[PDB]
Amino acid sequence: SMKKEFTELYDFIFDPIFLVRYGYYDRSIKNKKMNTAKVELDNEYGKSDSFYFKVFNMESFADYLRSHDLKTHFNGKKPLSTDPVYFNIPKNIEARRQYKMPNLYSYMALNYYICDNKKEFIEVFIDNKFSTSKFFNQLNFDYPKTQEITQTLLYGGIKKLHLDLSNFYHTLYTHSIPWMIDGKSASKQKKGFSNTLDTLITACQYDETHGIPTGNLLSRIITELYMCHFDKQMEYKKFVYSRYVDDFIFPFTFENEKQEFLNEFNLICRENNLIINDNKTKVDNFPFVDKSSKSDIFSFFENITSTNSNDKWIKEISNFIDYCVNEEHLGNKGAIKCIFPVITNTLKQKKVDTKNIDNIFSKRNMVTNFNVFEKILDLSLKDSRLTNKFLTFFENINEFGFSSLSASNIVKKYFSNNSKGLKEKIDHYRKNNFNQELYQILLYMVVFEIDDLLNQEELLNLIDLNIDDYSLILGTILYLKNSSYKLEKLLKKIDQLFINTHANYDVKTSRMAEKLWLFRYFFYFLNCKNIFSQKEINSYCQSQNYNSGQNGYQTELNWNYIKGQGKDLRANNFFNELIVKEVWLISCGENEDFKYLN
Amino acid sequence: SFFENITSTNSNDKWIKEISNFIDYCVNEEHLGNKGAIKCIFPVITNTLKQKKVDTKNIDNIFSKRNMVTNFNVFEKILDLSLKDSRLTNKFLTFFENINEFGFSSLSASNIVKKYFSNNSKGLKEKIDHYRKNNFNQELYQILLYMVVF
Amino acid sequence: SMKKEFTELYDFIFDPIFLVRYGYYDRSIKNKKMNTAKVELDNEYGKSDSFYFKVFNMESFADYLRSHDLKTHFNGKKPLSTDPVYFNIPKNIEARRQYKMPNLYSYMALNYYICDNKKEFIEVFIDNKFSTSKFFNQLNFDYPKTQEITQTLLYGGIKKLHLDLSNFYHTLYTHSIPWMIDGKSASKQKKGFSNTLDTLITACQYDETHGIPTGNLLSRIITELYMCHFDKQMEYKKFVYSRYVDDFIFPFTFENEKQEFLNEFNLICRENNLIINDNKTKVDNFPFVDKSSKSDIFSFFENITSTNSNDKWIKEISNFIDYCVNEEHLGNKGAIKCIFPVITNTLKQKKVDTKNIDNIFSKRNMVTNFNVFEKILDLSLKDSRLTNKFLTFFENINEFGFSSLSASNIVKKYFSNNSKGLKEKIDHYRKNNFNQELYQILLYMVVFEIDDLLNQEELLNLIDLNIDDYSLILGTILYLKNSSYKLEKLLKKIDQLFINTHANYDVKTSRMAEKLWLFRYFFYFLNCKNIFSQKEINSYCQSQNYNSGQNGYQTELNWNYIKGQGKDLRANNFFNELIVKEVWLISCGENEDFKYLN
Amino acid sequence: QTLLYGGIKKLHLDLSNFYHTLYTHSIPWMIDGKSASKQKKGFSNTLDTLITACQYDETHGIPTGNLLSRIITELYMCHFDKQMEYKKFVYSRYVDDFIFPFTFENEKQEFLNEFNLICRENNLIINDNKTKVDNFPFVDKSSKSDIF
DNA sequence: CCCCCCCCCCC
DNA sequence: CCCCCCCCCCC
DNA sequence: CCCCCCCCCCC
DNA sequence: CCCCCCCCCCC
DNA sequence: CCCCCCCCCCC
């Protein structure tokens, strides 16, 4: 039954371990058996578009949860307020979009509350008919199935009205969530489900009521609940439409239907402080335009075989990249995303031999200096949202036989040829807080062993304020990967950053409820396993004249002393429990020395 | 040449999705100014089904299958396409005649059209009233002819 | 000196009595001597665009303040939370804009706090150089002077960049006010000036942190402080521009200047959760376009004299209206606003005799049935933001000699000819909460003695939920103006409304901290002076079987019983102090019988 | 494609009527420096003399339609390229079709100023109609895959 | 995971 | 035509 | 020339 | 207010 | 109809 498929999917999804192991970084899996009871390191079952799993993942945390219960940390009535990792990404070539990756403690508080009240979500989701977003790309509810549902919903209509909400996630008033769930006139008399949910959301973003912490699956689930209650209001008024998150497709024939729909939709938006993006409002008349047909794209390679020469494969792949970039320019949404999966699947399906793949992607044409890996790398650097897809593509063809040393040399050569523009780019994103672009550049330098772009001085200039946690981690990794440099300068930079960050806070505020919680955990976890040698930390702190004590040297660099400071130590106790059990949140590679090339 | 790389060895699900994408593609072609593209949908689907040499029971499965999760059926999509333009009534009924000869059961088609009409009864009654007041003869004719036939 | 003119203006403005007498309804006066120490009723010195002064004004309250001190009501640390009057107005022919007229108690709390900390505002305003909005159209800082300042600020630039903030007032995060004033990294540790200011603002909108309560002068002053601190940040980075509220005019010559400005402006907007309206972004190249020249408009009437016939005056005025409507269509902002003042000033300056004015505006052409007052009335009904300008124009020409009975008959005839469309309009705005349009129609019916449009049944359908206070007052006035109808049905409607409104609240919430505070004050003030006869209220409440008691009949209609209910009675005590002293907030006319035709 | 790496935007520039209005005495300017035209007998001066002899001592334009003209024009344009490379710019040129890859508007403006300066020095005129910036995702209208 | 056909939307 | 203000729309 | 894959840009 | 020239921007 | 390749335009 339809109901029973929905129920299976939602009992899979609404599990705390699922919700952190794939939810935190917004990962999707296509089969329940992918959710193995072991730590996954060498492969990736998941599909994600934000963060590189081989460096940043929740596998160790999920393994910890699988055997030990952290319910006890999450019984205090008032949820602890914490600062998230602010991580700004491109919306397009011009605009920006803000992610907020919550403190893991606040994430887990919200996570257990949502799984404890999962029926609040599941009854509405299963009763809902208009949402194609209430599957969250999980299991087998992929893009063609959601388009099938949308097509069914658009029956009978000679016209389509398209409506969008402007800046929906990022300006959503969080106290309007209980209005949508329970009725606005019942907000005026807490202790209910929706009020507590709002409180935990604001705790995830430091009691900020402006917007929802975007970039994770719990936020998507809460937003979907909000929007399915919007859908319930519109359905009680007897309207039929398709919604993907905030993209409303209204089928209609007569203008009175359209006008009555617009009045009702305007009314609910005004009641809940929602704003329509009037730029995106458009009526499409039949015959309907469809710019997102992907048939030509996935059938680019029909007439090429493994009997074709490696040169024809190279030129065909190059033409493919140009063709999909042009398709995306023309309005074919997701065409650039399609380049990497379909190249990989064509290489697998045409059954090209490993040594032929090595020749295809490692060949440098002598006259033209052209190499097709370099073209694909430059394409990925054109949009930092493509970082994960590019690195997954590299992983796949490296498995297919493309040598990792050859890839490292190609990326090194690319970076040397473009070093000046790349340094100007790094400076641009550092001044303007373009977090994902800087992250992409540093992650490529970490992955492909680029040690020539930035010297010691620029690397230490990376460790400063207005740098996101992930970039701080990647720069610190770049610095530790170079054995020539000595650790005192990094210790000084990190200490300065920690003190300056704590200076923005009440002196009774715990460190792990503050900004840079993830970098701090990285540091304390490294120090706990002597990559950050305890002797040289002692030397640095002697140089700084810190007073010793019962726990140690009374510095921001000493977790033994830090874990006990602050009035509320709940986040500190949670992260100390993680540190003692050797739960890592940042993967240091197979051999603990920060190499990700396999 | 939409259907060059599909064969009778392809699964019925791929045939369903390929036909759906075909309909969307020709509707977009007609929107872009390709005159007669929507007319082309029915003859070339029928000729592809004949030429790919798909078996009668496979045709029955292709056009009678209701996907349980999505409630999608490809005959219902083609029927709704035909109701989008009443000049398509004859082409739709000829297409139904052809695939019914190809093996698609007439009782299954009747149930599919009945279900479509029940789900859209309110809008269809408003449509009937519209064409009755405004003398839209072919639209009313198409609706009543579907009710007679199915 | 420049400083000393600024100082004079700001010591005039930052006075509590000024800030309520002209600030509450956003009124401007051109001379300090207009701020008389008496109640103004028959004339209006002020200039306002929102609410009709002859019905809604603060003159009685200001007279009360002038002799008695209400500081004592405003010493409790935690400000009482209240609901404002929600009053939605057209933004244009399509979009809407929300006003929130605060509870007078919360207004006065904010008012005294701001005047007590006026130096916080005045130092920044006087030090500011980029704002042409920091004069609030007061005294002699009118439109040409602000344009003079803007012109000076735009010197040296071959290009202008225009930037706007989208939905600035209505989506402003109120906790970002202390960020702008003090620095965002100092929000994390209250008791300071900016935090208390934020708290009083949210108290004005029922502890809602989404947006600023728009439609009054205190909101404009707070928004100007916010924006002048934005200007201080941009000036420290050595940029020069003109700002009107959120309209940024950046003068520049080279594209590097423009790009650096855009990066800095984007950075501050991202820091303070401000969103640029990317639709309004445009660069203008010299030679510069100027679509707002008003020279032809104010010189339409140069070649007409009082020796011209009344027919030529009629036709000239008609052509004038068409010409300014076309000017506004072409992008001449404020051209339609210009119609009424310049017609009035032309009639005064051409020195047309009173009987000639009567003939001009009262003449009905027999063949064409055309009357120029009816055309101007229909123009005003085309945009409800024109209500005040139309009624001021009528007041002026009525003073010039145009008979009020003739105007009443003309408006009556108009309303009879268009009764069907007008009833459909009334229903439209009632279903869709178009508050200002409904207000305009009911205010015309009140002013011009229209008693034929709506019978008793529709008038009682006016008294229901989702109707703003001002429309509720105007409908109740329409009902009391008709002596044929008896008062029991209105008493039943009003009682139902009061009970239903209190049902949305905690049972310990005081009535005058709730929605419909202004309607409730209207009712209680009428009952206190026996327009709402006490005998017939007793009869109604006997019919409803209310239990009597120490104060009276224990109903929502009895202020004696109502004033003592609720845990916090501060708002009730303040409004009871107003009621006892016969301070009215709604003018009932010269002879207390609700006639405004003079 | 290799030359256009690293760029989020492309600037397209063309020279108007390049072959047919090329001042032939500007060839020694491009090859040797304009301030060295004022004191012949050198390579570039003799080359200019033979070109004008091919078109009846006409100094307006280059005799178009043969490979020697293409070689001389390519020498001229590669010296233009040497001037732009010494100022540390990277672009693709086909004859007179300049494809400038860039990311920030300051790069584009500095390139435009330098290019304008050299064009003014050598009596070269930009076809302002063909000037356009393309933003990524880039348009490509010349795919021949369906055709072949 | 298992054992042809895939691959895209949003915030 | 008579005795200021005019003057244009359509088919 | 020799022995699959080609084929187009400019002036 | 008092005693020529005015009149418009925003939210 | 018979025995590969079809299939569209208009009024």
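Analysis parameters
- Residues numbered from 1 in each chain as written, not as in the entry; some residues may be left out.
- Chains lettered and ligands numbered in written order.
- Part of a larger assembly, values for the part shown.
- Heavy atoms only, no water.
- Residues with missing side-chain atoms left out of burial classes, pairs and counts.
- Helix = DSSP H or I, 4+ residues; strand = E, 2+ residues; numbered from the N terminus.
- UniProt positions renumbered as here; feature names shortened; annotations may be inferred.
- Contact = heavy atoms within 4.5 Å.
- Buried area = accessible area lost by both parts, 1.4 Å probe.
- Salt bridge = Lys/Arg side-chain N within 4 Å of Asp/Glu carboxyl O.
- Patch = residues over 30% accessible without salt bridge, like charges linked within 9 Å, V, L, I, M, F, W, Y side chains within 5 Å.
- Areas by Shrake-Rupley, 256 points an atom, 1.4 Å probe, with all protein chains shown as cover.
- Buried < 20%, exposed > 50% of the residue type's maximum accessible area, 1.4 Å probe, protein only.
- Near = heavy atom within 4 Å.
- Polar contact = N/O pair within 3.5 Å; in protein donor to acceptor, adjacent residues only side chain to side chain.
- 1 Å grid on protein atoms, 1.4 Å probe; cavity = no way out; pocket = protein on both sides within 12 Å on 5 of 7 lines; lining within 4 Å.
- Points joined across faces, edges and corners; volume = space filled by probe spheres on them.
- Nonpolar A, V, L, I, M, F, W, Y, C, P; charged D, E, K, R; others polar.
- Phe/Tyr/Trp six-rings, centres within 6.5 Å; stacked < 30°, edge-to-face > 60°.
- Disulfide = S-S within 2.5 Å.

Chain D has the name AbiK in the PDB entry, where Lactococcus lactis is given as its organism. Its official PDB title, as written in the record, is "Abortive infection DNA polymerase AbiK from Lactococcus lactis".

Per the PDB entry, chain B carries the name AbiK and comes from Lactococcus lactis.

A.B. asks: Residues and numbers for the overall build of chain D, please.
C.D. replies: The secondary structure content of chain D amounts to 5 helices and 4 strands. Its helices and strands in sequence order give chain D the pattern β-α-α-α-α-β-β-α-β, from N to C terminus. Overall size of chain D, expressed as C-alpha extent along the three principal axes, is 50 × 40 × 25 Å.

A.B. asks: So what's going on with the UniProt feature "binding site: Mg(2+) 2" (unreviewed entry) in chain D? Which residues, and what values?
C.D. replies: Residue and element names in this part refer to chain D. The UniProt record annotates "binding site: Mg(2+) 2" (unreviewed entry) at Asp-14, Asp-96 and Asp-97. Inspection of the secondary structure puts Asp-14 in the loop between β1 (9-13) and α1 (18-21). Ignoring any residue separated from it by four or fewer positions in sequence, one finds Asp-14 in contact with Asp-96, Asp-97, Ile-125, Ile-126, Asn-127 and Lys-130. Tracing the backbone shows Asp-96 in the loop between β2 (92-94) and β3 (97-102). Those residues in contact with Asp-96 that sit more than four places away from it in its chain are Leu-13, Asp-14, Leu-15 and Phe-18.

A.B. asks: Which residues make up the interface of chain A and chain B, and what values go with them?
C.D. replies: Contact with chain A, which involves 26 residues of that partner, is made by 27 residues of chain B. Interface area for chain A against chain B, summed over the two sides, is near 2,400 Å², with a carbon-plus-sulfur share of 60%. It is A:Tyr155, A:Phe254 and A:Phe286 that lose the most area in chain A upon contact with chain B, and together they represent 25% of the buried surface on that side. On inspection of chain A and its partner chain B, the count reaches 0 salt bridges.

A.B. asks: Talk me through a nonpolar patch on the surface; I want residue IDs and the actual numbers.
C.D. replies: Residues and elements named next belong to chain D. A grouping of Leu-67, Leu-68 and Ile-71 is seen on the molecular surface, where their side chains present a nonpolar patch of about 330 Å² in accessible area. Tracing the backbone shows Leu-68 in helix α4 (residues 67-86). On the basis of relative accessible area, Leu-68 is assigned to the exposed category, the value being 61%.

A.B. asks: Residue-level account of the protein's contact with DNA strand H, with values.
C.D. replies: All names here are of chain C. Taken together, 31 residues form the shell around DNA strand H, and within it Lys-47, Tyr-99, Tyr-169, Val-342 and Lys-389 come nearest. The contact in question runs from a base oxygen of DNA strand H to an N or O atom on the side chain of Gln-147, over 3.2 Å. Take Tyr-169: an N or O atom from its main chain is 3.0 Å from a sugar or linking oxygen of DNA strand H. Where the surface near DNA strand H is concerned, the elements lending two or more residues are β2 (96-101), α6 (143-153), α7 (168-171) and α14 (335-349). Residue contributions to the surface near DNA strand H peak at 6 residues, all from α14.

A.B. asks: Quick one: what's the story with empty space enclosed by the protein, residue by residue and with numbers?
C.D. replies: Counted as a void, the largest cavity has a volume near 80 Å³. What lines the largest cavity is simply A:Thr171, A:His210, C:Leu165, C:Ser166, C:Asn167, C:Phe168, C:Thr171, C:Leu172, C:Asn273, C:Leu274 and C:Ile275. A breakdown of the residues in the lining of the largest cavity according to their chemical character gives 5 nonpolar, 6 polar and no charged.

A.B. asks: Help me get a handle on the packing of aromatic side chains, residues and values and all.
C.D. replies: Aromatic rings considered in pairs are described by the distance between their centres and by the relative angle of their planes. Per the counting criterion, the structure on display carries 184 aromatic pairs over all chains. Measuring from centroid to centroid gives 5.5 Å for C:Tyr10 and C:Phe125, while their planes differ by 45°, and the two rings are tilted. With a gap of 115 residues between them, C:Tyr10 in helix α1 (residues 2-13) and C:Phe125 in helix α5 (residues 118-127) connect regions that are remote in the sequence. In this pair, the class of C:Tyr10 matches that of C:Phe125, namely buried. Taken together, the ring pairs in this structure connect A:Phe6, A:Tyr10, A:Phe14, A:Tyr113, A:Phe121, A:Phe125, A:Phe135, A:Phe136, A:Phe141 and A:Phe193 into an aromatic cluster.

A.B. asks: Could you give an account of the state of the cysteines, with specific residues and numbers?
C.D. replies: Residues and elements named next belong to chain C. Using the criterion set out here, one finds 0 disulfides over all chains in the structure. Here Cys-228 stays free of any disulfide, with the sulfur of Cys-269 as its closest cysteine sulfur at 15 Å. For the unlinked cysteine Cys-588, the closest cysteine sulfur is that of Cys-528, found at 12 Å. Residue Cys-588 is classed as buried on the basis of its relative accessible area of 9%.

A.B. asks: Give me the arrangement of the chains: which residues, what numbers.
C.D. replies: Without any contact between them, chain B and chain C keep their closest C-alpha atoms 23 Å apart. The two units chain B and chain D are non-contacting; their minimal C-alpha-C-alpha distance is 13 Å.

A.B. asks: Break down the interface of chain A and chain D for me, with residues and values.
C.D. replies: Accessible area lost on assembly of the parts is the figure often given for the size of an interface. At the junction of the two partners, chain A supplies 25 residues and chain D supplies 18 residues. Across the chain A to chain D interface the summed buried area is about 1,900 Å²; carbon plus sulfur atoms make up 60%. There are 0 salt bridges connecting chain A and chain D. The set of elements that each furnish at least two residues to the side of chain A that touches chain D consists of α13 (310-329), α16 (372-381) and α19 (419-432) of chain A. Here the residues of the side of chain A that touches chain D sort into 8 nonpolar, 9 polar and 8 charged.

A.B. asks: Account for unusual backbone geometry, naming residues and giving values.
C.D. replies: A cis geometry characterises the amide bond from C:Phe286 onward to C:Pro287, with omega recorded as 5°. Following the sequence through the fold, C:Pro287 ends up in the loop between β6 (282-285) and α12 (295-298). Omega for the peptide link from D:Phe136 to D:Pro137 comes to 5°, which places this bond in the cis form. Assignment of secondary structure puts D:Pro137 in the segment after β4 (132-135). One non-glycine residue, D:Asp57, lies in positive phi territory at about 55°. Mapped onto the fold, D:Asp57 is located in the loop between α3 (43-54) and α4.

A.B. asks: So what about the environment of B:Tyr141? Which residues, and what values?
C.D. replies: Residue and element names in this part refer to chain B. Residue position: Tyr-141 is located in helix α8 (residues 137-149). Of the residues examined, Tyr-141 reaches a relative accessible area of 43% and is grouped as partly exposed. As for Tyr-141 and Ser-86, which are separated by 55 residues in sequence, their C-alpha atoms are 8.4 Å apart.

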